[PDB]
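A quick write-up on the structure given underneath.
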Amino acid sequence: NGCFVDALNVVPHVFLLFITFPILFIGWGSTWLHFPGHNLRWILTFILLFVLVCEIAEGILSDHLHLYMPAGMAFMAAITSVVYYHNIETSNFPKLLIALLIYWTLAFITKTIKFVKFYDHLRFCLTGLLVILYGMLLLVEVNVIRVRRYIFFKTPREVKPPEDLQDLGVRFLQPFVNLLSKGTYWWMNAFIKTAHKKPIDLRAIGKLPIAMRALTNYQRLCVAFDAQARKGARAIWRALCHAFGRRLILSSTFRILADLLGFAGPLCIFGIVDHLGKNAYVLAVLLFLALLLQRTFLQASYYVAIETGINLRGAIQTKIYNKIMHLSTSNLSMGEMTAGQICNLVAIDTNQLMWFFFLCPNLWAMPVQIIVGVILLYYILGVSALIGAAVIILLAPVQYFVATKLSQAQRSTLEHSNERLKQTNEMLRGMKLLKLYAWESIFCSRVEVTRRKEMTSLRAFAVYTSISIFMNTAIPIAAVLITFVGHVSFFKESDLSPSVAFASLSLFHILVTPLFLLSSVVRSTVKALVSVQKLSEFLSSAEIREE
Amino acid sequence: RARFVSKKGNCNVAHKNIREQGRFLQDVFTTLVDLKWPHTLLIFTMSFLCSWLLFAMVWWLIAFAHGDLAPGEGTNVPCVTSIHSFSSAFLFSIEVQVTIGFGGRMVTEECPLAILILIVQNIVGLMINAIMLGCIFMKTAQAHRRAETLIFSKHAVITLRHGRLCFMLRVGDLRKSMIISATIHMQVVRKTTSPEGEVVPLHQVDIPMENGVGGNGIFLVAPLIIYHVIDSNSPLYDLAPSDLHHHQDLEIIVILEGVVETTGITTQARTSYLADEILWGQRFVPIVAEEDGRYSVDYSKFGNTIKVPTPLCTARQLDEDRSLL
Amino acid sequence: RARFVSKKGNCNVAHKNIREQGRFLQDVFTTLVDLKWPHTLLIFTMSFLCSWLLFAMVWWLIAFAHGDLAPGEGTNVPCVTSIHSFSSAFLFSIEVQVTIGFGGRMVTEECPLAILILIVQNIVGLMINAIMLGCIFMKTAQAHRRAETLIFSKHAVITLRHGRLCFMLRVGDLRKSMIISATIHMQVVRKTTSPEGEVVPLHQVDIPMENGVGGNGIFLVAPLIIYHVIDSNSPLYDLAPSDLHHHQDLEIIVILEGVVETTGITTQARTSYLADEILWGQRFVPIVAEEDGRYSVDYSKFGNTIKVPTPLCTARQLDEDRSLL
Amino acid sequence: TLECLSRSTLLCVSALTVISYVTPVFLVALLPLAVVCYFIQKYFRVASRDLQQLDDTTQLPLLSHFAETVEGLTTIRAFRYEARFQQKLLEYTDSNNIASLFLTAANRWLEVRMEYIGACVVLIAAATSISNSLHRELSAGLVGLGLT
Ligand SMILES: Nc1ncnc2c1ncn2[C@@H]1O[C@H](COP(=O)(O)OP(=O)(O)O)[C@@H](O)[C@H]1O
Ligand SMILES: Nc1ncnc2c1ncn2[C@@H]1O[C@H](COP(=O)(O)OP(=O)(O)O)[C@@H](O)[C@H]1O
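Protein chains in written order, with the UniProt record's numbering: chain A, 24 to 52, 63 to 96, 103 to 160, 167 to 276, 283 to 329, 354 to 622; chain B, 32 to 356; chain C, 32 to 356; chain D, 1139 to 1286.
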């Protein structure tokens, strides 16, 4: 009785879609309350979306309307479950949750009956995945009733919606929104729409969240600095890496998952081309989903890296401002604590540390990316991997030597520019006395000589970067040419179907993009190193003596 | 500048940071009886169609499950005679639910499960019909439209009556139907600072309506100018006649309440007069006129105004001059 | 200690020894229209099922008694065509009662007794349908939920305004819908002993709400602090500021009445403030603020309070000091 | 930045030209993409300019304050006003941080909607490929170029 069980599955989706519409229409006709498992709920709901797409694919392959209707109904049922959960996050209730729990139990029952009747006799895997997901969502609902007040004893002892991100005047809410919105920045809509109607102001934009204030970042940073001292230039670097911590690690994990999906795309291209030469529309739908997913996770990684960077900037700014207090004027008399030097410190170190902390998560995914690239191209090239492998191994050491020759010029560049800035400072605050008896030629020739030395450093850097780009293009093209020529006629005797060719070109381009980037990365990397060395020498100035 | 309540009678102040504990929906039908007509009609048709489709699905399924859906001659009698497909099943659902009872398809005494589904179908149908009639009737006692028909003059003038400063405003009725026991609550708002250093952003204070021996209410047949006399005790008594037109921020609102005859509900109307709306030293034109054998009222001169040579001075200074004269 | 009426607005005092003369049920439908929704729905389905089963039994019996129930071909026509068992008889009862009229089983013109049973079945059905609609509609005019949406601040403070001691409490609205002609009855209770040796366990006395020239009622748009001034004539005027926090037993309740717009019913709300809830010498934070082009109200500061350097003394002693200063 | 921009614009030109060559029908689905992207870019431009301007106008006073604290050290440490000055700097740095945060958030939002636009274009490009270049066009080599 297959059609009978299909109908029995269609029923509960219908029940839920029918109870949702009155409440949804009343709600459609500013305190955010979050429940445990919210993010887990949304993750599982997206996994349900995916498995339902797969079920629709099966129903297309088989066709009999009544045989693929269950997927089309669970689709709207899951979307309406999302609508319910949005309506509950916006206003809490004990009853709407039970309204979800009933549907979850009934859908689990129907799926179990399907599984049994199948066991007695592709469908198997999809049905099992749906069973597991519905069960986990059921456990989430049981957790939610266990927490506060589904039926449990009298009073919820309910949380008292979070005042950190919801109390007085909050104009920015990244941490104060739902699971699905954080990725798209849907909240921004209002703001960007508002900005066009009325120009933006500082009183227009809000305050900063509980977990965004520079006071707490400075607090965390000084606590970590103390813990590091109880256990120098290296110490403060260790403390910075410690302090950002989990957020930084998460940014890296998001980027690595985005990278694996980014490699996954070209494989779908291979499959599409192969079926074109001969299960194809599924390749298009899955490819579209994969590309969208990579984009979402890449942008989220970039955002969290930027968050960590701005918090770094705030914390080190307030740390150096607190330390300027205890600084003694005997240092201020010396060139090391020059006022212009200290303001250069603040500004350019804000800049350099922020840029390095935006580019560091990007490079913490280059190794995993290249490794997965080669482990994917083995299965596509075959015995013709040797050529590409030799190319991407011959790339690395010459690139290391080039990067060394680059860093050496860049550091001296920074020293010369730093002296030029102080010469300009002492030239501009005395232009009156300078033009009075016209000592201009001397100071101008001195700044010209300093500019010529700086230009020598810059031209060395530029020639080295040009050689870098030359290599990063010439080695790739030679690699592609050699590999293909080798496969067709040299040894392999297996005609490369065009799918293999285009998939190889795709994976190869994905591999090429990071190499061009790393050359620019060194420019920020040595600058971050120099900025922290300067910051540590500045922190090592003479204290003021307590009475 | 910002207004307190708009001329049309709607409230201006937008509320922020409401600690919603859910009472907004907990008023389930006293929420939707507030709505417009298209939304309420939409949600009523959606209630009805939702219930009908639910039970049509369950009936389709039960006829499928009994096996009466499998077309066969003999060895059975369908629980519902002459049922073939989903369409005829939905036709049976709408036939029994909304109580037309066509009887081409007969539910039979062979299956008690169909008896149960019918005996719950009908009671839920009757309950949802009962509520969807009571709430639409509770709606048709919306008499705010009767709050629309009332009218006030666009601007209010002040005058000198009986040797004392007075303020005159017009009201009136727009239909034959009277309004029972209408009462006037006349209020003034102002950002006020107490002598204790306390500053309030807005301060409602009652200004009396001056009728016979007392009384808060009036009788509306013809347009009656409401007549108050500001005295030294009154809160409005301190202002100046040259500072009102442009700078000061003084909203004088009137709230007229009363129950309409035929429905019996109690409606009201609210209007504001700003410092730039009100003017000084004028007099309205007499509306009522002795016509052929009756009193004719002309609403063309309702908002008309004539100049009157009255002294222009502040009510405090006018009271001091009355002490001097 | 014991409270008079609870914060939620429900009454605390439990009644004992009621000489029930039966009026508790004599209010037959004004009793059950008070009930919750599950109980009222239960008793309505039980009314309907009771009547249906009663007439299904009597019809089963009449078809049995005529002998039309005995399956036989010819020499008769059943009073109700095509009736076989109890199940089909109950199907006929629900077919004619709730006015679906399936018509598979036909009542015939051979037996006038069946005509009588139909002509009473239908009228009783119609009467019980009429009451079970009127009472559910009379229910959906439960607007106490609108008594739920009103809110008062958790504790009330007193201050010094205009050189005289004053007490300030907040109120407010939680929806767009207004409440017509709301009035304030503000009462104080205390165990009192008269000079005649008479001791009362509880003594309600009115404390006035101080508005313009008079008036018992107010106008609710934005949160309005209610403003009373205790004077030597007032009953609360004798207490001390250090004896209120712990020992004394003084409940100050407020009852706000008003009729909601759309339904027209008159609702109210009741709240108590104990001697331990009230505090001394503070000031609320201004809620209303001039936003972009309107007035924004922030309910986060609704219950917020700031310190104010005001003298702390008893209202009797403060009046004596006012006589001295 | 200039060289990366040139490389990316030439890559975009190449990709559009290739997709147009492989399927001459795609020119029916390109104008809606261009219109929606143009409107969203126009909307982003004004908000971005406003956020950049506010960023600069908050970033100047912080550095002015830093310089003035650094030079007038003796007076500030004589009065022992250090709590007041640290509080002031906390105010300024929090405002700077929120300005920067909103600028980068608007950047991220534009990037996300642009990536959704790119997903749309690649999706229906591949769809029109698998449909037309197989059913009616019957061409094999163009599919790889188009999808790549
Ligand atoms: N002839 C009329 N009949 C009925 N209602 C009127 C008439 N004229 C004006 N009204 C309404 O009543 C109010 C009377 O205002 P009025 O003092 O006449 O100023 P104006 O003539 O500029 O409208 C107006 O707001 C208008 O809405
Ligand atoms: N933001 C809000 N929106 C709506 N109602 C509120 C809000 N905050 C409190 N309330 C309700 O109104 C009353 C205001 O009390 P309040 O003086 O704010 O004390 P608290 O802040 O401790 O609740 C509370 O009893 C509460 O039930």
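All residues carry an ideal CB built from backbone N, CA and C; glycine is no exception.
Through-space distance from residue j to residue i, alpha-carbon basis
i, j, result
"residue 309 of chain C", "residue 349 of chain B", "45 Å"
"residue 353 of chain A", "residue 478 of chain A", "Placed between 329 and 354 in the numbering, residue 353 of chain A has no coordinates, as chain A goes from one to the other without interruption by modelled residues."
"residue 582 of chain A", "residue 83 of chain A", "25 Å"
"residue 106 of chain C", "residue 98 of chain C", "11 Å"
"residue 150 of chain B", "residue 87 of chain C", "13 Å"
"residue 179 of chain B", "residue 36 of chain C", "40 Å"
"residue 186 of chain A", "residue 168 of chain A", "27 Å"
"residue 109 of chain C", "residue 123 of chain C", "14 Å"
"residue 52 of chain A", "residue 46 of chain A", "10 Å"
"residue 137 of chain B", "residue 210 of chain C", "53 Å"
"residue 399 of chain A", "residue 422 of chain A", "15 Å"
"residue 338 of chain B", "residue 305 of chain B", "21 Å"
"residue 1182 of chain D", "residue 409 of chain A", "48 Å"
"residue 202 of chain C", "residue 187 of chain C", "11 Å"
"residue 571 of chain A", "residue 446 of chain A", "24 Å"
Cβ-Cβ separation, residue j to residue i (assumed contact under 8 Å), whole Å
i, j, result
"residue 127 of chain B", "residue 131 of chain C", "6 Å"
"residue 246 of chain C", "residue 247 of chain B", "7 Å"
"residue 240 of chain C", "residue 257 of chain C", "6 Å"
"residue 1158 of chain D", "residue 1165 of chain D", "6 Å"
"residue 63 of chain C", "residue 74 of chain C", "6 Å"
"residue 317 of chain C", "residue 285 of chain B", "Residue 317 of chain C to residue 285 of chain B, Cβ: 26 Å. No contact."
Classification of residue i by the beta-carbon crowding that lies within 10 angstroms, buried from 16 upward
i, result
"residue 116 of chain C", "exposed"
"residue 18 of chain A", "Outside the displayed span of chain A (24 to 622) sits residue 18 of chain A, for which this structure offers no information."
"residue 530 of chain A", "exposed"
"residue 250 of chain A", "buried"
"residue 104 of chain C", "exposed"
"residue 145 of chain C", "buried"
"residue 1271 of chain D", "buried"
"residue 97 of chain A", "The residue list of chain A ends a segment at 96 and starts the next at 103, so residue 97 of chain A has no coordinates to report."
"residue 36 of chain A", "buried"
"residue 322 of chain B", "exposed"
"residue 1218 of chain D", "exposed"
"residue 1251 of chain D", "buried"
"residue 351 of chain C", "exposed"
Within chain F, partners of residue i - CB distance below 7 Å
i, result
"residue 414 of chain A", "No chain F appears in the structure shown, which is made up of the protein chains A, B, C and D."
Same chain, Cβ closer than 6 Å to residue i, five either side skipped, listed in chain order
i, result
"residue 195 of chain B", "260"
"residue 255 of chain A", "209"
"residue 181 of chain B", "300"
Sequence-distant residues of the same chain with beta carbon closer than 7 Å to residue i, five excluded per side
i, result
"residue 347 of chain C", "268, 269"
"residue 213 of chain C", "248, 249, 251, 287, 288, 289"
"residue 69 of chain A", "188, 189, 192"
"residue 291 of chain A", "387"
Own chain partners of residue i with C-beta closer than 8 Å, once the 5 adjacent residues on each side are dropped
i, result
"residue 306 of chain A", "372, 373, 376, 436, 437, 439, 440"
"residue 128 of chain A", "65, 66, 67, 68, 71, 223"
Distance cut-off 7 Å: residue i Cβ against heavy atoms of ligand 4
i, result
"residue 160 of chain C", "By its list of ligands, the structure shown excludes ligand 4, since it contains just ligand 1 and ligand 2."
Within 6 Å of ligand 1: residues by beta-carbon to any heavy atom: B:182, B:184, B:185, B:330, B:331, B:333, B:334
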